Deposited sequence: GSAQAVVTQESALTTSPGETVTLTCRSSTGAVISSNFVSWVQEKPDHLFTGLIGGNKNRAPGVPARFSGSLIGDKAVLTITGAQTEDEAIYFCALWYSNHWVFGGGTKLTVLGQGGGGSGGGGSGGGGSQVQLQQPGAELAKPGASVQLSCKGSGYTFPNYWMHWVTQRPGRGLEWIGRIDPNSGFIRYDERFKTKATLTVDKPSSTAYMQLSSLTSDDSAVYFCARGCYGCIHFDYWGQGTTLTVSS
């Protein structure tokens, strides 16, 4: 039913200031439904992510009014009503499928005409490990009440899309792993230091990627705020 759940987005779109942009997000399992509790996020160069929409239709505080999300027919839709040059980015949707998140493949939006944050998630820039070893990645949540939010982990392999790893609730300790990562990743947290940790084990060159933390919580704007991403390189 859902073991091959795949989320599809437009490959690319081109716009210019003042145009309206429609980005869509389709589920292989059927219509996108309210239970899929869709988030939309934006990636700008050097893998800088910002959450835009959560819960299908909720615009995150601070996000420009020109962004809006809805479920229309059988798809999730992000509309930019009056594009701006700073909107040039890759846009990803994310759907909740019972017990894990699935990201779409992303839409590259080009905008013709080219040319601090209270909440911070703090990740190291880079790590390097040898194959067969394990490595610790950290993410310190700054400027918000850390136990009140889950910490999601996500990866982007070089040149490719986003993959959800899992999440941890610091308050209850509850962990979810994606089936893709349940033997690769181990999540822990420490409340007094407001730090989430992810151990990646049995490393291979396939694990060379950027690894992000991002906030969530039940009914919240999942993936609203992101760490910068730690680049892990696995090499002898």
Item checked: Deposited-sequence ranges lacking C-alpha coordinates, in sequence order -> 116-127
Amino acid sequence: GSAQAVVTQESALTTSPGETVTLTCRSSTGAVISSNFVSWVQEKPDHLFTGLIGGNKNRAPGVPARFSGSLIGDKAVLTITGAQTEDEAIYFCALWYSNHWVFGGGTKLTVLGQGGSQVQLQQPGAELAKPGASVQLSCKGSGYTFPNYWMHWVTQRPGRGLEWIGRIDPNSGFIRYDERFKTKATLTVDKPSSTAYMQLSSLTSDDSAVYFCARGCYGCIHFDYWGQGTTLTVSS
From here on, numbers count along this sequence of modelled residues.
Notebook entry, point to check: Is residue 141 one of the residues left unmodelled in a third or more of the other entries compared?
Noted result: no
Notebook entry, point to check: Where the other entries model residues on both sides, is residue 161 skipped in at least a third?
Noted result: no
Check: Where do the C-alpha atoms have the higher mean temperature factor in this entry, in 208-216 or in 21-29?
Finding: 21-29
Item checked: Comparing 132-140 with 68-76, the one whose average Cα B-factor in the PDB entry is higher -> 68-76
Notebook entry, point to check: Which of these, 82, 166, 104, 158, has its C-alpha atom at the highest B-factor, as the entry lists it?
Noted result: 158
Next item on the list: Name the residue from 36, 171, 186, 42 with the greatest C-alpha temperature factor listed in the entry.
Entry: 171
Item checked: Chain-relative CA temperature factor third for residue 6 -> highest
Notebook entry, point to check: Among the modelled residues of its chain, does the C-alpha B-factor of residue 61 lie in the lowest, middle or highest third?
Noted result: highest
Next item on the list: Taking the values exactly as deposited, rank residue 123 by C-alpha B-factor within its chain and report the matching third: lowest, middle or highest.
Entry: lowest
Notebook entry, point to check: Mind checking which third residue 179 falls in for C-alpha B-factor across the chain?
Noted result: middle
Item checked: CA B-factor placement of residue 90, once the chain's modelled residues are sorted into thirds -> lowest
